[PDB]
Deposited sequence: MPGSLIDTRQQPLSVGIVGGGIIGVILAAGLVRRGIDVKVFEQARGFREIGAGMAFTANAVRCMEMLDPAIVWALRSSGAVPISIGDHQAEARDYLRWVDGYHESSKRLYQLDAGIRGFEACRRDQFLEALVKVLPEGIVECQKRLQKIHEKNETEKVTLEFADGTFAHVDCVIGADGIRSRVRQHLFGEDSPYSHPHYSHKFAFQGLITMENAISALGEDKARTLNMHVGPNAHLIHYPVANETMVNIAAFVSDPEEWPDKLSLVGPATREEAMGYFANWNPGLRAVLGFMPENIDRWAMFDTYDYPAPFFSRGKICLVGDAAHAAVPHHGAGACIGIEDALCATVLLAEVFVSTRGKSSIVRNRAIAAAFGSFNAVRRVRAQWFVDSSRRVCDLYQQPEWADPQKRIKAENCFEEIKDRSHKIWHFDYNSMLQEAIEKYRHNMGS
């Protein structure tokens, strides 16, 4: 009597989770609203920790990540670097070693395509936009109603459907602010420049490495791309007014609008913004900071990834946090599956809820700390004090807070998470 999971959302997280459930023999379907791939071209990076979590899910996920990424002498180490972006000094401020393969990078859309090829045929159903969830009794199945009029029936449901998750709206009600993300009152300009232009502006050292330029109420990050032939610029600025409601979270923008937010900043940084194309993009930064979930699960329904805890991206690890969710959910459902072989329907369904109950108990604190921490480190990158020449030593003490908060993300003990998860599941079963 096999265990059927309906995953709503075929993004990175829903697909990584599907891979882990299917390699363990659980019947999975992924319902994806789109009709093919998306996020076509962007870089993403995973901590060495998240990569090990991927490997426990199915080692093939890690082959997929490396298939989708990028001479003699030694092996390179991975460094976060911060640079002073306001003053003319533009002095190197801090640096953090993450180690050999401390981060592993890939093209999102090509990683996700590699992932889908790892799953059996028939796992992913496209053009299934979940509209309504119907919950009957715990011993009965959960019905998913899609916008095309088809239904589907599954023993349990997982929301992997992103920052605007419909599973979240079902749990907390389509009219709750808890069901929607909200503006962080910051937005970002993104564009590319040639590697030649980046060296003029910054020097060769700075142009061929990831650097965050800090400053008052704004900050700018760049790193090389396309075999070091170009450099990506992402520049983050403060917005006082509400993000217009019903207004799209992307939209075109102009090089010169970017430049106006950095006019008082040092000259290498301004030359970089000027080297961008005339037309570039503006991305609002939303998250679940203001109305975080009261619970990641209830009954036979569970939230994972951005659906549970969308973050602003100032740690560059939001998916990693979702990869832990997917490990923890995959391990619990295998324990449900082995530990209820041959028991009655009543027993199998209370196991499912008991496990989801443990998932929430185990994940919600780290996940919702990470959402807070993302806003926090962004604050520290944009302190007004960076501009005060009397306060650039109070301001330069944030780097210990960044190291500790970084390390707390990178050195997650996922094995103790899995051990505590199994204990809480047994506990929750009167065992």
{"query": "Unmodelled intervals of the deposited chain, in order", "finding": "1-10, 81-86"}
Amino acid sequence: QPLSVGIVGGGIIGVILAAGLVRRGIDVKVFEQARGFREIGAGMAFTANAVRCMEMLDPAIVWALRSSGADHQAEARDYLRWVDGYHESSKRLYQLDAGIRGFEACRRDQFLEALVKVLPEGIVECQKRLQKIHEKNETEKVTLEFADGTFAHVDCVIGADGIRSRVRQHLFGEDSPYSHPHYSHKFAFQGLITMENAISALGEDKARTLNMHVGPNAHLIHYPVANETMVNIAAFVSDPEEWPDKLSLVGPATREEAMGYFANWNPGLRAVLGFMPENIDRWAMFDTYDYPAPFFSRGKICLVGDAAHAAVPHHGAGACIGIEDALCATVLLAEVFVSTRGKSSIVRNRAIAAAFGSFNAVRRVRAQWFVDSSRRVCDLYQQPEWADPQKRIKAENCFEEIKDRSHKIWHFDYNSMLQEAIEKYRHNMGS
From here on, numbers count along this sequence of modelled residues.
item	value
Between the two ranges 358-366 and 32-40, the one averaging a larger CA B factor in the entry	32-40
Higher-B stretch (mean Cα B-factor, as the entry records it), 136-144 or 213-221	136-144
Member of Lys246, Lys300, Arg108, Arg255 with the greatest C-alpha B factor (per the PDB record)	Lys246
Residue of maximum C-alpha B factor among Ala152, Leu130, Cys320, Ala198, per deposited coordinates	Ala198
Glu121 CA temperature factor, ranked by third within the chain	highest
Entry-reported Cα temperature factor of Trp63, expressed as the chain third it lands in	lowest
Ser90 by Cα B-factor - lowest, middle or highest third of the modelled chain	highest
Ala351, C-alpha B-factor rank within chain (lowest, middle or highest third)	highest
Lowest, middle or highest third - CA B-factor, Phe286	lowest
